[PDB]
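Single-structure report; data block below.
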């Protein structure tokens, strides 16, 4: 079906969804293989034998083999990933008069628009479209909708696809009509996208058993039986099951726990049996239970037979299906803590994986869907998006939080604009145009926010290198050889016949940037970084979870290769400082000791211990066989202060009057974290350009030493000299 | 916006409960538009074809594009705020003989008595009105009283709107009258004390969908499902809810948490299934549960499946709603921490609201609502009856506590008048003439059990500006560099490699109210100010609750850009004075550390820690991204003491009998707390009441100095200087 390039192309998913949906991306070779020219309109013909066209655009990070195409236009004429296309340079006539009408069913005959002059005219320019089709029309500030859907009844060019020019007279019939294809409620994997790699991975999980019949959606393969999704309750996760149906091309069944639990003995299990008994005739279909955890919450706790039956009736109906009708079971829950051992075995459930939360990227698509749900749903032209900078700023939140926050962004404009008009009925094209949620209004609306979120730490890749915190190349040299040899050179262990250290321990003065050292080796090795600190050991201790602390390794082992970093362990002991309300050890560390023995370093895992001081740490926690090497971090010396601060101040204001040698020679008994400070302290006095009107010179960096200088930190040092003897 | 201008205007709720019923207030500019005199009789025509005539009056705070109007006419008309209204000048038609009878519902047909000349003749003065209207006369004593409802069957001149003058004959039959017009007990937005910003914010959410859904749903925003309210319940929660429903015109559906729990299998679910069943017909409507925390507190550690089925039944009913005939479920609780987060996600309440408590200003509106039914509003008596005076002793009260105060005041009034006359059946006019509410009642009430318990914690509201407080210029400008600059110019600071600050620490001599300085810059920069009083941190720290401490800070983070001031958030440590016997870190700072770092660039944010003892700090605090700058207030300057002494002495009796510089010379080392004591002490020892030009004398200032001693001491000064240098 999909061929590299030519009259046939590889249909692939565009990650930006293209600026417009006719803007499809292309590679410079993909055109030469079709004998075409990039930057032009092209006529396409696709399987199912339907007509269509788009506009090819620049490649960005594109592999020559493929062609990244939108799902909407692909789905508008109809298609899926893995189909075949037929395309050529041919440019047919240009639309002259076109007739359009909206879908009246979700409207239920309500609120006709003025878009004849308002939208289509200024949104018109050279948009490749199709005759006898349903075109996505932008506009109409965010409803949570997808653009605006107008049907294409006819365009004056007959039986050929076309793009409309500005020369045209457009007609909005303002009368009945309905989609030529797809539906009014539709969603694609990209419209729902909270993730890129994982979403495509979770796709392959479901997509390999569900593909299409002419390939394996029905064929032996011994596929899995049922699936369960985890992590971010609500948001995009709950919508996944709804997205898998539209793209897979199969019927969709919503099954919720409370609606089953809401119903009672008798009808309850009947309604469940009816749905699964209704799936055979409607097959192919997707069985999805949402709150299943509430249908099978049992661990040892069972308060009734009605629950035993419905889950046991669920057991009967799973095994009762041989996948002859090929109705697949999928599931979701926020926690696996509710699952019964019975539901972990084949014939019932097979492939189940954790789904995480978005990253800078994941929010970007979600933010991209917002500007799409906003006006400019189907974009007329290609425009540089300053929404780019938003995703980098944002953090902490999931999909639902943004959408609700973007609704909190719409109210900010809404509050000011429309109530001034006080709409009884039709709305000014002027007002509705002049109000813009586009790249301008965002930041003004982002000045107000009402999010709330709760999560736990995960993998990260720092930016650290040897320059950020210099000095102590000796430890860094062996830190190189700690990860590198087990990582790159496991075969060197054959010739040696040795078992490398399971881990090493770091201790020394606080404030030296022990975290930077952990991040440094992590950035070098490129392995993922997980730091277990004291505050979070205190945070999850609020809900009384010691298990969660153990899970961090279980979550670290699955995401490996990664570097698991341990600092401020047994956090209950350090947090109280000199005093204590309890003993030197508790039930908490017991869950930590059992963990270290369990976690294996034969994977890309790397065990790194760190502590402010080991003496306060319970000596039994420091026993060898777990941390074999005892490493000591002394405070950076005079030469390090020069290089360290030389790295700090070189990226911020400086002056030639400044001499960096004088400042480092006067300081001793001093740490690295203060070098961050000492660099900026002068700044508050003067910067190169700041409203203070002052400037950088030896004066402010001299005032920095006057503002910050040794705090009498020599104490921690002379403990370490004696601490290494005992 | 509310804008409509010219002889034609738009109706907006009066921003004051107003003394009079016919008061419709318009600014000098607004009055010049229709060209009419203040207090003129103008007949206003509006939607539905319902008319009325009113008096003009004035604020200075209005905008010409609105109309501040009575609730009488709006209720008589049944208007929802936001309607475009047509007003014009018309000459006065006057009644001759007027017939009045109360409505059926209010009285129940149980009411009769005297007072024709007590109510009407006193209300006979200057009331413009429409014939066939419900006119209200308040007065006398409160706590059973909202207005007095008289519906007009006839006015001797017929088919004319007429003003009520002094020459008209009056009649009270006390026989049937039309009940069509609502009882004022059915709420009006005026009945909500204060909370103007919260009123509109909540109202716009529910209103616009409930008004016309077919755009504000379709072409805009999205309709939410329900809203939860927070803060002390039972005071404004039940009132605000019905105050949202009645005015919006949406039917109100009453629920009781304890009734559901009082019920069980069957009726429990039947009721929740019965209400929504009734809601479908009345939909769109308002659904409300004040008791949400009672029915669904579940944190896991409840027991039965009956409570889990009914709360899970509630889960199903939320998602079962179509968001077409959309109805809004409202909820209320004392605190969000108690309720269940499974109700917090989409499918159900995603929308949370935080309602605080009144203040000296907030009680101004609450007391005023009570002051319209009682003649305490204008001052005819020997005290200040502008309610700000009564607001002082009332610090830390809520609408319910004040209702009990004025209710117990009618008791104090009742105790005087009724027992001495001791009527039983009769209702003479003289007992009502004899009754006059006097200040003594509140005094006996304020001395009564009215103060009982200290209830729950509160946050203050700021005032102070450069005008209100003096003090050192060095730190102020230093604070501006730290505060004003990042707030107003964060953009350029990002691209210059110049970060002046993230948040900063205030330390120095105590007792001067350094908070005052933080408020002056905060009010100037127009950034929200927040202060955490030490006692609140002292108690909760022992109760192992650091979450209540997060709430106020989190409240500042979401509303940000804002300036959060922390007065001894470490307060446990400063109580130890010089040192920290335990570590310099405790549970609270751990989250402060996390929070200070967790802040994003989505909003310009500057956090302020403040303490009496800086030496107790966790070294992480002082570092980058947490505390960038360290503020030290050196002892007051000689010239600063002079200004401070002058600001405090001219707020009290003063005469030009002194030399303000001479008193300052004798003052050395004295702080703002000491200088303020000199002023209050002098006048007290000075002449209490005199005809003489001299009130406070130079001899009093001079002699008062010999007794006192300087506050700041040398030991605490040395501990400060070493840190600022290091």
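Per deposition record, electron microscopy, 7.0 Å.
Positions of Cβ are set from backbone N, Cα and C atoms, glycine also.
Swiss-Prot lists B:231-238, B:508-515 with the feature ATP binding site, giving sequence analysis as the kind of evidence. Residue density at residue B:508 (ATP binding site): 23 other Cβ atoms are found within 10 A of its Cβ, drawing on all protein chains shown.
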Does residue B:512 (ATP binding site) have same-chain partners at least 6 apart in sequence with Cβ under 8 Å from its own Cβ, and which are they?
B:471, B:633, B:636, B:671, B:672, B:673
What three-state class does DSSP give residue B:514 (ATP binding site)?
helix
Do any residues at least six apart in sequence from residue B:237 (ATP binding site), in the same chain, have a Cβ closer than 8 Å to its Cβ, and if so which, in order?
B:229, B:231, B:290, B:332, B:355
Other C-beta atoms that fall within 10 angstroms of the C-beta of residue B:235 (ATP binding site):
21
Around the Cβ of residue B:510 (ATP binding site), the count of other Cβ atoms that are within 10 Å:
19
Same chain only, sequence gap of 6 or more: which residues have a CB within under 8 Å of the CB of residue B:233 (ATP binding site)?
B:290, B:332, B:333, B:334
For residue B:237 (ATP binding site): DSSP state (helix, strand, coil):
helix
